[PDB]
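The form deposited in one PDB entry is given below as one chain in structure tokens.
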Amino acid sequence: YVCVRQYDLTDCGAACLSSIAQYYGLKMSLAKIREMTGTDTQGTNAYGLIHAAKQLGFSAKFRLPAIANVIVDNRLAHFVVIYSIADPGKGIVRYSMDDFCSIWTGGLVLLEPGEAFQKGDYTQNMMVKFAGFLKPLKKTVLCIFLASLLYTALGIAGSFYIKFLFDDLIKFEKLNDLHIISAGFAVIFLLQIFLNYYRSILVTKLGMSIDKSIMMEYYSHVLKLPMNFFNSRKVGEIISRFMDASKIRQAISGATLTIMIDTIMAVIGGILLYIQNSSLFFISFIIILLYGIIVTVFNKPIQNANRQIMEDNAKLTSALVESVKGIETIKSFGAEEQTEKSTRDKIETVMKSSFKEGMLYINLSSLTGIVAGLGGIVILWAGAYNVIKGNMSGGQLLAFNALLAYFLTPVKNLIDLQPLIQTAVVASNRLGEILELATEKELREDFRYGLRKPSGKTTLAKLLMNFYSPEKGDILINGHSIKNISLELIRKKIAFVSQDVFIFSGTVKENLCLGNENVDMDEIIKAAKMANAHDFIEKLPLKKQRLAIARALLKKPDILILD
């Protein structure tokens, strides 16, 4: 019935628990649930889900809704909830249908509801939060709106050229002012194009500003998050969330501007078509309603075909990489024909999926083309019939054709905005869910890496700083408990060298100067006395372990620890 789509590869269990919460009330963000059910890079397990259910108030350990582990769907430990007998990665399509018994072999049906848990929404309408970036710059939006209004006035005025030409300048020969009117309408069109140019400049600048603002806010909050957030996820997820700002901007800017502008456009166009002729306007409305019906019903088949394409292409690329990595083994066993046959089969599957998507596009395009062209022919036929009876004039039909184009274009654009907004909404729930996470400083005043059964030497090193929270520790410092004093003091007091070496974009003379802006340019050379990569050969700064050691000693720590 109700489901929530997964945002990443390794949160199937979190998504399933979120869906159960959706069915029974609570609507917490997936990111908060993800952190609650001990989600790691590998994924969650039944213990994580039962612990999270107990934390949320559920009393679990058959009832209609329950989460069952599924083995053979992918290699990311999928969970699928059962409704009647909702996979987040695919949707709702049923598998059991009165028992099928192919993915239940795990037999991990575990979840049931329980005692009252303060039902109610716990999330926001977060799209408004991102849309609030239009408040600091409202002059640009107003200028864009004024330019659009003038552009429409000029376009509608200029579309009556053919009517003025055929009603008066042809039947009532006036070959003296035809040149004057032609020059006037050329001037109107030139002003229209200049206004389009100016509006495009403003829209591009506004989009750039929105991109930069959202990207920088997200990056700042990511850098402010604690270490468990970085441990739980990989780098690809963070980069994808970073790239979702473009989709958020597209939603805000394009959707809002197009909605207002095209609503005004459709209202004005409908008014003028109704004034020109009622029957032709009714035919136009029928055409646009049919187009809206036809486009809407094909969006979800198109999305499903696209998802199948993505999945099949991912499988093919994985197979190709697995074949290339290990080409030595394929050559060693001396059998490459089998690999060619397997790749042929995978390519054929990808082609079948692409052919299905291609038929979807071709059928949609042909239906829309039938609607548009046959509606144009019907409009010409009806206009001619009305002109025969004298209701209209010869040129009023062509004026109506031009206004019809200028009225159908906005509503065609507005209806085509239905899918884009949707995906951008998803992008919001993929990005801003991170923003609700409390930062490192907010949560301040043996050991486990998250529901992972209580490199042990390294963990003690990381525990020495406030990277994590202990259960039995802090028995070496000469003072008192670490948690009761400022984090910044621990940061400037403890220096350590990681397994790898981190060097960021910048010259060597400032890589050692990382973190602090006061070096006096003498401490660097003082610390350089201990293996400065043998003075790094060239005194001229460039732009690795020796650099890390020099940075550690230059930091001047009260306590120094090294691998």
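Each form is matched to the other, and the largest set of C-alpha atoms that superpose within 1.5 Å is called the rigid core. One-based numbering along the sequence shown.
Keep in mind that the form deposited in another entry is missing from the display, and what follows is about it.
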*Which residue in 250, 323, 439, 228 stands out, with a C-alpha shift of 2 Å or more between the shown form and the other one when both forms are set on the rigid core?*
323
*Once you line up the core, how about residue 312: does its CA shift reach 2 Å between the shown form and the other one?*
yes
_residue 116: after superposing the rigid core, is there a C-alpha shift of 2 Å or more between the shown form and the other one?_
yes
*With both forms fit on the core, has residue 73 moved 2 Å or more by CA between the shown form and the other one?*
yes
*Based on a C-alpha change of 3 angstroms or more, tell me if residue 76 and residue 8 lie closer or farther in the other entry than in the shown form.*
farther
*Which is it in the other entry for the CA atoms of residue 48 and residue 100, closer or farther than here, knowing they shift by 3 Å or more?*
closer
